[PDB]
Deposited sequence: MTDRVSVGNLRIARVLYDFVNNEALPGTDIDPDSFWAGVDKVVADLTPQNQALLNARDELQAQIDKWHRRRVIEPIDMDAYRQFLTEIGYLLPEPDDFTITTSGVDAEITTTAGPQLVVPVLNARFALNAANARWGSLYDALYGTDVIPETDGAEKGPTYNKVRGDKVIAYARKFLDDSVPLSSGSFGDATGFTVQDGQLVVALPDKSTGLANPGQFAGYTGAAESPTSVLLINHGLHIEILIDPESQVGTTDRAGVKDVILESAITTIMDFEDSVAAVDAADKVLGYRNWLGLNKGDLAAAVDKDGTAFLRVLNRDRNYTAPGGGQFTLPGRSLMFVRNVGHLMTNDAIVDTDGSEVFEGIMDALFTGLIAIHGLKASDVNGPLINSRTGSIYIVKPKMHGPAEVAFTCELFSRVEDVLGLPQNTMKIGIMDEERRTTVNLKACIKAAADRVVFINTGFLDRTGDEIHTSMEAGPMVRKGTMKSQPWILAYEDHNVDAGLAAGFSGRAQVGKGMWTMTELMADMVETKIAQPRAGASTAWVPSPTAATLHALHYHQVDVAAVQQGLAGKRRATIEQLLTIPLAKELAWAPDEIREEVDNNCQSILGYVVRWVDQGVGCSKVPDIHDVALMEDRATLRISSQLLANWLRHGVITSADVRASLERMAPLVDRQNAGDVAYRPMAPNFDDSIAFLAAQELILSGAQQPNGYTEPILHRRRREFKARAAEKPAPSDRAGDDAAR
């Protein structure tokens, strides 16, 4: 049609031209050698990719049947466990080992702090995320509900000094807690100077230095009256800006203008669950943003340069101004018609992402001044893997890609998502398969919950999705992930990460609650916005993660029996009003997410739930909601009438929340006419038949359908 023939492949022209004209120049890779390597890698690895996917289906069919042929009303755990062992689901645990991954940047091996995830197809969000390495604490407190809007402190169209003063007081308390003075409080400071290479703070009746002078990291401006003071605590930097001429500074007792926090230490630029990309045109938009990030010239607003500081001794030094970037590739499941073979078969999308995002990442190892990785690594998050054979396959794919690209072996590092049950229960073997490439493990708990529901779909009805947060299986899974990482030597070598905070407006609650993750020994956890990164950074100043990890060493805190505890609901635990709240809430969140996915190609959206809580949705939260309703429909908790009635009831409410808001197409009243409504319906009624309950097959088909009707 409009394709380019290379060997057995037929490449969409928009992708061929993008690679030749934009991605390849400056890499010293010969274009014809590249495309021949694409041909050879696709041919060589596609059989094993398909075999792994078939093995998923075969395992799930055996588990399905096993549950259907059970009569003994409470599950016999020892029988279930030996069955899983016989069919090859539960594999032997290897002997203890230590990972050997080398060439990794300090932001990953050593620094504990927030990790931000943003959709790579939104250039403005990607830029703000890269720039979120540093963020204003004052803006983050003033603009959110961390400072309550009680009487007097309300936000309005102009500055509220009552509220601003609360902001200042909060930050002063943070400084006392994080960088203590020898005597007195920062609240009473009247000035800062550096004298004989050390920081002295002026109080109203004396002067004082820090309880630990080593927390003084540097300053800007004249040592006489500095323009800022740079502190460090638990490896993260804090900058007090000093400017009495600013409006905030005029009011401040020491002329302080702002407190800047090192925030999003690393950032994951996402090609997976937060974007909608169903063809070559969509992929190229994402590849091109990733290219502009790595070259440094992406602009909508531009990327920040590094920050210059004067050392306490008087010399000069610099600090990175940008978040260290990972890229999340898609996993093993999907194909994309960006490339088809001679038969018209689509090429596996994960294989393509490895080739093209890896190629593009070479630019980030080279000058265009500052770069990405000063130590020479490329950082790829690989999601949705099931078990160690699937991890071994990713490592071989990366190896073959390094060869095509002329890169040293093990340049391409792997952030392993622990977000599928067969990976959880074989986690040690999964780490071992990537022992020379792994740079993190992370509990992707939302995907993990969807896999929990689908895997035991035949077992019975599951608890409500709000109950999953506290079920035995997920508490064991969180502790097990930390134990396995620490036992593999992750302390000082690789990140131990936990999952995403989705209530974008509930920042007071995040600051109160999310501290549990570093208290659990996690050296990183996921945030949805630059503002959330700045606030989550407070937690790493309160919690000494390095100390926590050392205290956790050698502990075995989860048993296989706990990991395998299926979240079945007990006998009729639900009144009719509770069942309908669950159905309505799930249909509302499904419809609000899917309508912007199908009609507008937006892969992450804030969707208010039934309690009017704004939730950041992507495919993982959709997987949970659709699988839970499919499970309730499968075991008779609800009827097919109940599902259809709820969809029809919530759809006009979703229509209203998107009313006017740009060229949006209402779903109501012509339900059977809306591709988006039909996609939402299909995700529920066909959910039990989707592979591992994944949502991409239906989403991609329905988005391509909508694009075709928008052209005829």
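message = From the N-terminus onward, what segments of the deposited sequence lack any C-alpha atom in this model?
response = Those stretches are 1, 302-311, 380-383, 728-741, listed in order.
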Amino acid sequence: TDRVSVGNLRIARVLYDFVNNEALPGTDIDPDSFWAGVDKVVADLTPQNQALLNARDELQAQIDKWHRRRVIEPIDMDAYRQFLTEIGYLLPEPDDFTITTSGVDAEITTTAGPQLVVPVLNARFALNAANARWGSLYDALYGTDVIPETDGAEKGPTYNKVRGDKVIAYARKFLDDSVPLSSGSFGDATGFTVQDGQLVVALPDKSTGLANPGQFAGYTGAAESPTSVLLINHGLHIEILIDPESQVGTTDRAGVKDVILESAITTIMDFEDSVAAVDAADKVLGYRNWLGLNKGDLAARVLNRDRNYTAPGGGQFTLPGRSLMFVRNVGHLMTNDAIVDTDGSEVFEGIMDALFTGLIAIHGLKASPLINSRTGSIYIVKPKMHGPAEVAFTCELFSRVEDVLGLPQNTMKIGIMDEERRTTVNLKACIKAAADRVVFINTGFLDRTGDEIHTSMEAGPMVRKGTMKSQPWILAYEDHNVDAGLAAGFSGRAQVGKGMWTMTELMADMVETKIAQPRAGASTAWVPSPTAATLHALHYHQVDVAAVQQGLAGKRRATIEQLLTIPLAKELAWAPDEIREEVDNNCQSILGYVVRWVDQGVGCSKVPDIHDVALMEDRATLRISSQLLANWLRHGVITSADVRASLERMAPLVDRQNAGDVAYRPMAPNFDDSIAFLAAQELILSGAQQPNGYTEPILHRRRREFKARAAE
From here on, numbers count along this sequence of modelled residues.
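ask   = Of 193-201 and 481-489, which one has the bigger average CA B-factor?
value = Mean CA B-factor is higher for 193-201.
ask   = Hey, which bit's got the bigger mean C-alpha B factor in the entry, 661-669 or 51-59?
value = It is 661-669.
ask   = At the C-alpha atoms, which of 446, 223, 545, 414 reaches the highest B-factor in this entry?
value = Answer, based on the entry's C-alpha B-factors: 223.
ask   = When the CA B-factors of 115, 144, 495, 318 are compared as recorded in the entry, which is the largest?
value = Largest recorded C-alpha B-factor: 318.
key: residue 43 by Cα B-factor - lowest, middle or highest third of the modelled chain   = Ranked within chain, residue 43 CA B lands in the middle tercile.
ask   = Of the three thirds of its chain by CA temperature factor, lowest, middle or highest, which one includes residue 609?
value = For residue 609, whose C-alpha B-factor we compare with every modelled residue in the chain, the answer is the middle third.
Third of the chain's Cα B-factor distribution that residue 396 belongs to, per the entry = Tercile = middle for this residue's CA B-factor.
query = Split the chain's modelled residues into thirds by Cα B-factor; is residue 338 in the lowest, middle or highest one?
reply = CA B-factor rank for residue 338: middle third.
query = Among the modelled residues of its chain, does the C-alpha B-factor of residue 555 lie in the lowest, middle or highest third?
reply = Residue 555: CA B-factor falls in the highest third of its chain.
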